[PDB]
Each structure stands twice: as structure tokens, then as C-alpha cells.
$ cat model_10.pdb   # PDB, C-alpha atoms and all ligand atoms
ATOM      1  CA  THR A   1       0.000   0.000   0.000  1.00  0.00           C
ATOM      2  CA  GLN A   2       0.904   3.563  -0.696  1.00  0.00           C
ATOM      3  CA  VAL A   3       2.348   6.176   1.583  1.00  0.00           C
ATOM      4  CA  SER A   4       1.468   9.707   0.467  1.00  0.00           C
ATOM      5  CA  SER A   5       2.357  13.170   1.530  1.00  0.00           C
ATOM      6  CA  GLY A   6      -0.495  14.760   3.486  1.00  0.00           C
ATOM      7  CA  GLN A   7      -1.802  11.458   4.809  1.00  0.00           C
ATOM      8  CA  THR A   8      -1.580  10.178   8.348  1.00  0.00           C
ATOM      9  CA  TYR A   9      -0.353   6.768   9.418  1.00  0.00           C
ATOM     10  CA  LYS A  10       0.467   4.496  12.329  1.00  0.00           C
ATOM     11  CA  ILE A  11       3.968   3.042  12.341  1.00  0.00           C
ATOM     12  CA  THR A  12       4.170  -0.522  13.731  1.00  0.00           C
ATOM     13  CA  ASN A  13       7.366  -2.375  14.697  1.00  0.00           C
ATOM     14  CA  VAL A  14       7.647  -5.640  12.757  1.00  0.00           C
ATOM     15  CA  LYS A  15       9.316  -7.470  15.651  1.00  0.00           C
ATOM     16  CA  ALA A  16       7.286  -6.166  18.592  1.00  0.00           C
ATOM     17  CA  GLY A  17       3.890  -5.200  17.198  1.00  0.00           C
ATOM     18  CA  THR A  18       3.860  -1.995  19.220  1.00  0.00           C
ATOM     19  CA  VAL A  19       3.639   1.403  17.505  1.00  0.00           C
ATOM     20  CA  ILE A  20       5.590   4.655  17.523  1.00  0.00           C
ATOM     21  CA  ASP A  21       3.934   6.714  20.260  1.00  0.00           C
ATOM     22  CA  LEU A  22       4.514  10.250  21.504  1.00  0.00           C
ATOM     23  CA  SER A  23       4.537   9.586  25.252  1.00  0.00           C
ATOM     24  CA  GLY A  24       1.589  10.985  27.132  1.00  0.00           C
ATOM     25  CA  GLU A  25       3.763  11.188  30.219  1.00  0.00           C
ATOM     26  CA  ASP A  26       5.932  14.039  28.901  1.00  0.00           C
ATOM     27  CA  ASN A  27       4.626  14.821  25.362  1.00  0.00           C
ATOM     28  CA  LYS A  28       8.247  14.517  24.266  1.00  0.00           C
ATOM     29  CA  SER A  29       9.713  11.014  24.454  1.00  0.00           C
ATOM     30  CA  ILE A  30       9.143   8.607  21.597  1.00  0.00           C
ATOM     31  CA  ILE A  31       8.272   5.109  22.726  1.00  0.00           C
ATOM     32  CA  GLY A  32       6.835   1.811  21.581  1.00  0.00           C
ATOM     33  CA  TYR A  33       3.318   1.277  22.879  1.00  0.00           C
ATOM     34  CA  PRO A  34       0.291  -0.914  22.107  1.00  0.00           C
ATOM     35  CA  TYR A  35      -1.965   0.744  19.529  1.00  0.00           C
ATOM     36  CA  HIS A  36      -5.152   2.265  20.914  1.00  0.00           C
ATOM     37  CA  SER A  37      -5.904   4.699  18.012  1.00  0.00           C
ATOM     38  CA  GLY A  38      -4.641   7.627  20.044  1.00  0.00           C
ATOM     39  CA  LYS A  39      -3.691  10.705  18.005  1.00  0.00           C
ATOM     40  CA  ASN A  40      -0.310  10.569  19.764  1.00  0.00           C
ATOM     41  CA  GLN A  41       0.118   7.282  17.831  1.00  0.00           C
ATOM     42  CA  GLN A  42      -0.624   8.941  14.462  1.00  0.00           C
ATOM     43  CA  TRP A  43       1.874  10.740  12.237  1.00  0.00           C
ATOM     44  CA  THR A  44       1.064  13.053   9.346  1.00  0.00           C
ATOM     45  CA  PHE A  45       3.624  12.591   6.609  1.00  0.00           C
ATOM     46  CA  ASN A  46       4.898  15.425   4.401  1.00  0.00           C
ATOM     47  CA  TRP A  47       7.215  15.095   1.432  1.00  0.00           C
ATOM     48  CA  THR A  48       9.302  18.258   1.406  1.00  0.00           C
ATOM     49  CA  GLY A  49      10.485  17.704  -2.146  1.00  0.00           C
ATOM     50  CA  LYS A  50      13.545  15.810  -0.925  1.00  0.00           C
ATOM     51  CA  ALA A  51      12.679  13.919   2.291  1.00  0.00           C
ATOM     52  CA  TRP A  52       9.865  13.161   4.734  1.00  0.00           C
ATOM     53  CA  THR A  53       8.717  14.952   7.870  1.00  0.00           C
ATOM     54  CA  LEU A  54       6.428  13.287  10.412  1.00  0.00           C
ATOM     55  CA  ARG A  55       4.058  15.539  12.361  1.00  0.00           C
ATOM     56  CA  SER A  56       2.291  14.371  15.487  1.00  0.00           C
ATOM     57  CA  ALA A  57      -1.464  14.424  14.941  1.00  0.00           C
ATOM     58  CA  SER A  58      -1.998  15.199  18.646  1.00  0.00           C
ATOM     59  CA  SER A  59       0.688  17.762  19.441  1.00  0.00           C
ATOM     60  CA  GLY A  60       1.840  19.243  16.147  1.00  0.00           C
ATOM     61  CA  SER A  61       5.461  18.608  17.075  1.00  0.00           C
ATOM     62  CA  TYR A  62       7.618  16.621  14.669  1.00  0.00           C
ATOM     63  CA  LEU A  63       9.394  13.311  15.045  1.00  0.00           C
ATOM     64  CA  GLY A  64      13.073  14.193  15.551  1.00  0.00           C
ATOM     65  CA  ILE A  65      16.172  13.323  17.569  1.00  0.00           C
ATOM     66  CA  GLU A  66      17.990  14.165  20.761  1.00  0.00           C
ATOM     67  CA  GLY A  67      21.492  15.262  19.806  1.00  0.00           C
ATOM     68  CA  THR A  68      23.775  14.208  17.012  1.00  0.00           C
ATOM     69  CA  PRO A  69      23.142  10.831  15.397  1.00  0.00           C
ATOM     70  CA  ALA A  70      24.774   7.963  17.215  1.00  0.00           C
ATOM     71  CA  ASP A  71      23.983   4.476  18.401  1.00  0.00           C
ATOM     72  CA  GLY A  72      21.425   5.048  21.100  1.00  0.00           C
ATOM     73  CA  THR A  73      20.348   8.587  20.242  1.00  0.00           C
ATOM     74  CA  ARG A  74      16.804   9.028  21.547  1.00  0.00           C
ATOM     75  CA  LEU A  75      13.907  10.013  19.299  1.00  0.00           C
ATOM     76  CA  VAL A  76      11.998  12.993  20.692  1.00  0.00           C
ATOM     77  CA  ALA A  77       9.325  15.435  19.617  1.00  0.00           C
ATOM     78  CA  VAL A  78      10.860  18.630  18.184  1.00  0.00           C
ATOM     79  CA  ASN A  79       9.498  22.035  17.220  1.00  0.00           C
ATOM     80  CA  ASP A  80      10.825  22.327  13.674  1.00  0.00           C
ATOM     81  CA  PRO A  81      10.237  19.775  10.855  1.00  0.00           C
ATOM     82  CA  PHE A  82      12.966  17.149  10.862  1.00  0.00           C
ATOM     83  CA  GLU A  83      13.745  15.375   7.579  1.00  0.00           C
ATOM     84  CA  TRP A  84      13.946  11.608   7.277  1.00  0.00           C
ATOM     85  CA  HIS A  85      14.759   9.240   4.437  1.00  0.00           C
ATOM     86  CA  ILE A  86      12.280   6.359   4.239  1.00  0.00           C
ATOM     87  CA  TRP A  87      13.026   3.229   2.236  1.00  0.00           C
ATOM     88  CA  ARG A  88      11.553  -0.210   1.822  1.00  0.00           C
ATOM     89  CA  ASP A  89      13.471  -2.860   3.753  1.00  0.00           C
ATOM     90  CA  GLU A  90      15.701  -4.895   1.433  1.00  0.00           C
ATOM     91  CA  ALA A  91      14.603  -8.299   2.805  1.00  0.00           C
ATOM     92  CA  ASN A  92      10.921  -7.540   3.551  1.00  0.00           C
ATOM     93  CA  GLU A  93       9.293  -5.398   0.855  1.00  0.00           C
ATOM     94  CA  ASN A  94       6.218  -4.892   3.075  1.00  0.00           C
ATOM     95  CA  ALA A  95       8.200  -2.943   5.631  1.00  0.00           C
ATOM     96  CA  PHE A  96      10.284   0.196   5.884  1.00  0.00           C
ATOM     97  CA  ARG A  97      13.366   1.659   7.476  1.00  0.00           C
ATOM     98  CA  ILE A  98      13.526   5.304   8.559  1.00  0.00           C
ATOM     99  CA  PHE A  99      17.003   6.866   8.309  1.00  0.00           C
ATOM    100  CA  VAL A 100      18.600  10.137   9.279  1.00  0.00           C
ATOM    101  CA  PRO A 101      19.339  11.418   5.771  1.00  0.00           C
ATOM    102  CA  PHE A 102      22.660  10.382   4.274  1.00  0.00           C
ATOM    103  CA  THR A 103      23.616   8.311   7.302  1.00  0.00           C
ATOM    104  CA  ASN A 104      23.471   4.642   8.193  1.00  0.00           C
ATOM    105  CA  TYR A 105      21.430   5.389  11.357  1.00  0.00           C
ATOM    106  CA  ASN A 106      17.852   4.146  11.334  1.00  0.00           C
ATOM    107  CA  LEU A 107      15.008   3.907  13.803  1.00  0.00           C
ATOM    108  CA  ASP A 108      15.423   1.008  16.223  1.00  0.00           C
ATOM    109  CA  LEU A 109      12.966  -0.115  18.902  1.00  0.00           C
ATOM    110  CA  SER A 110      15.355  -0.470  21.819  1.00  0.00           C
ATOM    111  CA  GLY A 111      16.113  -3.607  23.732  1.00  0.00           C
ATOM    112  CA  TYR A 112      16.015  -5.457  20.386  1.00  0.00           C
ATOM    113  CA  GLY A 113      12.355  -4.705  19.935  1.00  0.00           C
ATOM    114  CA  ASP A 114      11.351  -4.969  23.620  1.00  0.00           C
ATOM    115  CA  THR A 115       7.544  -5.177  23.628  1.00  0.00           C
ATOM    116  CA  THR A 116       7.211  -3.466  26.990  1.00  0.00           C
ATOM    117  CA  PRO A 117       4.993  -0.397  26.759  1.00  0.00           C
ATOM    118  CA  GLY A 118       7.287   2.617  27.092  1.00  0.00           C
ATOM    119  CA  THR A 119      10.324   1.067  25.418  1.00  0.00           C
ATOM    120  CA  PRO A 120      12.289   3.966  23.866  1.00  0.00           C
ATOM    121  CA  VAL A 121      12.672   4.338  20.131  1.00  0.00           C
ATOM    122  CA  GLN A 122      16.293   5.173  19.280  1.00  0.00           C
ATOM    123  CA  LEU A 123      18.757   5.422  16.416  1.00  0.00           C
ATOM    124  CA  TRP A 124      21.131   2.567  15.709  1.00  0.00           C
ATOM    125  CA  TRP A 125      23.449   1.559  12.897  1.00  0.00           C
ATOM    126  CA  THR A 126      21.501  -0.300  10.267  1.00  0.00           C
ATOM    127  CA  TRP A 127      21.500  -4.118  10.242  1.00  0.00           C
ATOM    128  CA  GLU A 128      19.063  -6.935   9.664  1.00  0.00           C
ATOM    129  CA  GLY A 129      17.531  -6.874  13.182  1.00  0.00           C
ATOM    130  CA  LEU A 130      13.779  -6.907  12.687  1.00  0.00           C
ATOM    131  CA  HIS A 131      13.249  -4.345  15.439  1.00  0.00           C
ATOM    132  CA  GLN A 132      14.612  -1.829  12.920  1.00  0.00           C
ATOM    133  CA  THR A 133      11.786  -2.461  10.451  1.00  0.00           C
ATOM    134  CA  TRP A 134       8.333  -0.933  10.485  1.00  0.00           C
ATOM    135  CA  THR A 135       4.997  -1.108   8.690  1.00  0.00           C
ATOM    136  CA  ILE A 136       3.282   2.171   7.754  1.00  0.00           C
ATOM    137  CA  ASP A 137      -0.513   1.961   7.325  1.00  0.00           C
ATOM    138  CA  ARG A 138      -3.744   3.731   8.016  1.00  0.00           C
ATOM    139  CA  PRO A 139      -4.861   4.453  11.601  1.00  0.00           C
TER     140      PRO A 139
HETATM  141  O1  LIG A 201       3.051   6.513  29.466  1.00  0.00           O
HETATM  142  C1  LIG A 201       2.992   6.483  28.027  1.00  0.00           C
HETATM  143  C2  LIG A 201       1.534   6.445  27.575  1.00  0.00           C
HETATM  144  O2  LIG A 201       0.914   7.637  28.052  1.00  0.00           O
HETATM  145  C3  LIG A 201      -0.492   7.595  27.820  1.00  0.00           C
HETATM  146  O3  LIG A 201      -0.961   8.830  28.289  1.00  0.00           O
HETATM  147  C4  LIG A 201      -1.301   8.853  29.680  1.00  0.00           C
HETATM  148  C5  LIG A 201      -0.145   9.412  30.481  1.00  0.00           C
HETATM  149  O4  LIG A 201       0.885   8.420  30.683  1.00  0.00           O
HETATM  150  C6  LIG A 201      -0.620   9.973  31.836  1.00  0.00           C
HETATM  151  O5  LIG A 201       0.557  10.469  32.460  1.00  0.00           O
HETATM  152  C7  LIG A 201      -1.683  11.021  31.585  1.00  0.00           C
HETATM  153  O6  LIG A 201      -1.967  11.764  32.786  1.00  0.00           O
HETATM  154  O7  LIG A 201      -2.742  10.188  31.148  1.00  0.00           O
HETATM  155  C8  LIG A 201      -2.574   9.703  29.822  1.00  0.00           C
HETATM  156  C9  LIG A 201      -3.795   8.870  29.475  1.00  0.00           C
HETATM  157  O8  LIG A 201      -3.766   7.662  30.246  1.00  0.00           O
HETATM  158  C10 LIG A 201      -0.825   7.501  26.363  1.00  0.00           C
HETATM  159  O9  LIG A 201      -2.221   7.330  26.217  1.00  0.00           O
HETATM  160  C11 LIG A 201      -0.115   6.301  25.739  1.00  0.00           C
HETATM  161  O10 LIG A 201      -0.343   6.332  24.330  1.00  0.00           O
HETATM  162  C12 LIG A 201       1.381   6.339  26.075  1.00  0.00           C
HETATM  163  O11 LIG A 201       2.004   7.485  25.458  1.00  0.00           O
END

$ encode --input "model_10.pdb" --output "C-alpha cells"
Amino acid sequence: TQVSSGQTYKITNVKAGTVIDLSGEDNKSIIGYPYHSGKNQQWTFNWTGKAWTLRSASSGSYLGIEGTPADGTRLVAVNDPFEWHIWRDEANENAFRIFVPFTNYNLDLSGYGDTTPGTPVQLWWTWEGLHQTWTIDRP
């Protein structure tokens, strides 16, 4: 299925089954959480002409990062649009990886896809670990 600029999606970890969630505890931390159709679990995609931005349907903040890209950098809500590269996974064409542009750092559900609600979403160097792959589909 198609992913289109202007549309809003939930983003589900292939390993864990939890979704990318803007924590209701602080409205800042990005975590894995069971899907309940919350608007803090919905992300409005925009194609800027060169990359993707992801805007929280609940807060209007954007999906971004805490500090310079590194293994373990936390994803956080940020004020300004933050650009991502989004590609189909090489092994699993149904899923995606979400990269900091022009780097090898992609979104990674921490603890190797720990299913625990509240597990942080982080950056990590790209590799086959399934906790780095995500489905993108309608809420
Ligand atoms: O804790 C992450 C979790 O937060 C939920 O929001 C809670 C929040 O934790 C609580 O502090 C606030 O006072 O009540 C909210 C509703 O129970 C989110 O609903 C969930 O999606 C996660 O983000």
C-alpha cells in the first residue's frame, strides 16, 4: 500500500507489534506502545520535495532526535520539521526503514524490539535486526 504526503499513518514495529507513540507522560519522548488509536500514535507525513517529515497528529510537534546521530540517540518530539529518508526494507518489501538522511542510522525499537509499553525508540546503525523495520498503514 501507498504512503502519500499529506496522509496520516500508524507506524508498527515488525518485531514487537507496538507502535511509535509520543509519550503521554511528557509529550516529548518517543516510545513503543500498544496501539489504541490515540492521536499521539498517528503521524502526518509530508514530502518536502527531498525527504519526509512526520508531524504528530496530537501535538503538532515533529518526530526528531535528541542530539547528534549515534547508536542510542533518543527520538523525541521537536518544534521544527525534521527530515527523514524512508526506504523499503531490502529483505521484507512490506516494511520500511527510517534513516537520518545520508547516514546509516535508522530507527530502532530499543532492547532489540522490547515489547514493553514505554520502550524507547532510538537510532542505531543499520542491520538486519527486525526491530529496525516498520509497517506504515492507516490508523
Ligand atoms: O506513558 C505512556 C503512555 O501515556 C499515555 O498517556 C497517559 C499518560 O501516561 C498519563 O501520564 C496522563 O496523565 O494520562 C494519559 C492517558 O492515560 C498515552 O495514552 C499512551 O499512548 C502512552 O504514550

$ closest_residue --input "model_10.pdb" --among "A:120, A:5, A:77, A:72" --to "residue A:48" --atoms "all atoms listed in the file"
A:5

$ residues_near_ligand --input "model_10.pdb" --ligand "ligand LIG 201 (chain A)" --cutoff "10 Å" --atoms "all atoms listed in the file" --output "PyMOL selection string"
chain A and resi 19-41+117-119

$ closest_residue --input "model_10.pdb" --among "A:78, A:109, A:14, A:98" --to "residue A:52" --atoms "all atoms listed in the file"
A:98

$ resolve_selection --input "model_10.pdb" --expression "the PyMOL selection byres (((chain A and resi 66-69) around 9) and not hetatm)" --output "list in words"
residues 64, 65, 70, 71, 72, 73, 74, 75, 76, 77, 78, 100, 103, 105, 123 and 124 of chain A

$ write_last_selection --input "model_10.pdb" --atoms "C-alpha atoms" --output "PDB file, in the frame of the given file"
ATOM      1  CA  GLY A  64      13.073  14.193  15.551  1.00  0.00           C
ATOM      2  CA  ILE A  65      16.172  13.323  17.569  1.00  0.00           C
ATOM      3  CA  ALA A  70      24.774   7.963  17.215  1.00  0.00           C
ATOM      4  CA  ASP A  71      23.983   4.476  18.401  1.00  0.00           C
ATOM      5  CA  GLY A  72      21.425   5.048  21.100  1.00  0.00           C
ATOM      6  CA  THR A  73      20.348   8.587  20.242  1.00  0.00           C
ATOM      7  CA  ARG A  74      16.804   9.028  21.547  1.00  0.00           C
ATOM      8  CA  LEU A  75      13.907  10.013  19.299  1.00  0.00           C
ATOM      9  CA  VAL A  76      11.998  12.993  20.692  1.00  0.00           C
ATOM     10  CA  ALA A  77       9.325  15.435  19.617  1.00  0.00           C
ATOM     11  CA  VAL A  78      10.860  18.630  18.184  1.00  0.00           C
ATOM     12  CA  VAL A 100      18.600  10.137   9.279  1.00  0.00           C
ATOM     13  CA  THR A 103      23.616   8.311   7.302  1.00  0.00           C
ATOM     14  CA  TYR A 105      21.430   5.389  11.357  1.00  0.00           C
ATOM     15  CA  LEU A 123      18.757   5.422  16.416  1.00  0.00           C
ATOM     16  CA  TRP A 124      21.131   2.567  15.709  1.00  0.00           C
TER      17      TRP A 124
END

$ closest_residue --input "model_10.pdb" --among "A:104, A:95, A:79, A:3" --to "residue A:126" --atoms "all atoms listed in the file"
A:104

$ residues_near_point --input "model_10.pdb" --point "(1.3, 14.5, 15.8)" --cutoff "7 Å" --atoms "all atoms listed in the file" --output "JSON, numbers by chain"
{"A": [39, 40, 42, 43, 44, 55, 56, 57, 58, 59, 60, 61, 62]}

$ atom_distance --input "model_10.pdb" --atom1 "atom CA of residue A:121" --atom2 "atom CA of residue A:6"
23.6 Å

$ resolve_selection --input "model_10.pdb" --expression "the PyMOL selection byres (((chain A and resi 94) around 10) and not hetatm)" --output "ChimeraX atom specification"
/A:1,14,88-93,95-96,133-136

$ closest_residue --input "model_10.pdb" --among "A:10, A:131, A:97, A:138" --to "residue A:54" --atoms "only C-alpha atoms"
A:10

$ atom_distance --input "model_10.pdb" --atom1 "atom CA of residue A:137" --atom2 "atom CA of residue A:108"
18.3 Å

$ closest_residue --input "model_10.pdb" --among "A:86, A:63, A:132, A:46" --to "residue A:13" --atoms "all atoms listed in the file"
A:132

$ closest_residue --input "model_10.pdb" --among "A:110, A:7, A:116, A:122" --to "residue A:47" --atoms "all atoms listed in the file"
A:7

$ atom_distance --input "model_10.pdb" --atom1 "atom CA of residue A:49" --atom2 "atom CA of residue A:9"
19.3 Å
